[PDB]
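A structural walkthrough
One-letter residues, chain by chain:
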Amino acid sequence: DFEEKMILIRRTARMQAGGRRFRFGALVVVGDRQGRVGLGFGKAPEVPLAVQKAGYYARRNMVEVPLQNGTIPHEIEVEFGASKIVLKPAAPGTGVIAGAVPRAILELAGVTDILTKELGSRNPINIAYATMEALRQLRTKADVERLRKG
RNA sequence: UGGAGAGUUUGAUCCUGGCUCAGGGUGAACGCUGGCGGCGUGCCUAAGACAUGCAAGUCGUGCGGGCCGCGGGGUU
Ligand SMILES: [Mg+2]
Ligand SMILES: [Mg+2]
Ligand SMILES: [Mg+2]
Ligand SMILES: [Mg+2]
């Protein structure tokens, strides 16, 4: 068990003679607040069920966010298709400035002091997906020179 | 020591893309309302037209006299 906050939920739909069937979507984040988080997307015939599946995959796929002072190691940019995200580390006592998507994800990941910018396609879903791969690719002075051994 | 976005093309999706909004600002004006003070600020329009008053003068230690009001006899 971790935190588990719910990003957004939508009602989609398809066609079929007679009318339109349906489906709901659940994009969800999860994190103790120690440097561990997981994003999960859940589709299901009903609101609650979907929100459930959310957390399930959420916990399934999670990442080691190497914090530091409560901020972040280095500044990075990542593009996920059409949606691009900028993560830039702030000094203690700043705030977590971001949209609902990147902020939510960033809170449970721990961070308290981070500068963020949401460029490109601002597709909620895709921003999330983007935010993760960002963290995923975070390095510390350690694992840095850990590769420049030889 | 510094960086948040959202609504809106579709049965739904993703993308592109414009329109729209929340902010801050002003020698402001307009509506409704209106108690006190301090500090600022107040014809952005017709460089249109203007009554009245004032905004530029001063030195008798540069010089000669006019009027007014002071004191003082050279030829008897
Ligand atoms: Mg691209
Ligand atoms: Mg069309
Ligand atoms: Mg419609
Ligand atoms: Mg003028």
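Method of determination for the deposited model, per the PDB record: X-ray crystallography, at 3.00 Å resolution.

In the nomenclature of the PDB entry, chain A corresponds to 30S ribosomal protein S5 from the organism Thermus thermophilus. Its PDB title, taken directly from the record, is "Structure of the Thermus thermophilus ribosome complexed with erythromycin". Per its UniProt entry, chain A bears the Subunit comment "Part of the 30S ribosomal subunit. Contacts proteins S4 and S8." Looking at the Sequence similarities heading of the UniProt record, one finds this comment for chain A: "Belongs to the universal ribosomal protein uS5 family."

Describing the sheet that holds strand β9 (residues 113–120)
Reading across from one edge, β6-β7-β9-β8 is the order of the four strands in this open sheet, with mixed pairing throughout. Each edge of the open sheet is held by one strand with a lone partner, namely β6 (76–80) and β8 (95–97). Going from strand to strand, the sheet's axes swing by 10° on average, the running direction of each strand aside. With five bridges joining them, β6 and strand β7 (residues 83–89) adopt antiparallel strand pairing. Bridge pairing in β7 links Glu77 to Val86.

Considering the UniProt feature "domain: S5 DRBM" in chain A
According to UniProt, the positions carrying the feature "domain: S5 DRBM" are residues 2–65. Helix makes up 22% of residues 2–65 and strand 50%, and the two end C-alpha atoms of the span are 15 Å apart.

The rules behind these values
Residues numbered from 1 in each chain as written, not as in the entry; some residues may be left out. Chains lettered and ligands numbered in written order. Part of a larger assembly, values for the part shown. Heavy atoms only, no water. UniProt positions renumbered as here; feature names shortened; annotations may be inferred. Pairing = 2+ DSSP bridges. Helix = DSSP H or I, 4+ residues; strand = E, 2+ residues; numbered from the N terminus. Axes fitted to C-alpha atoms, helices over the stretch in contact; angles between N-to-C directions.

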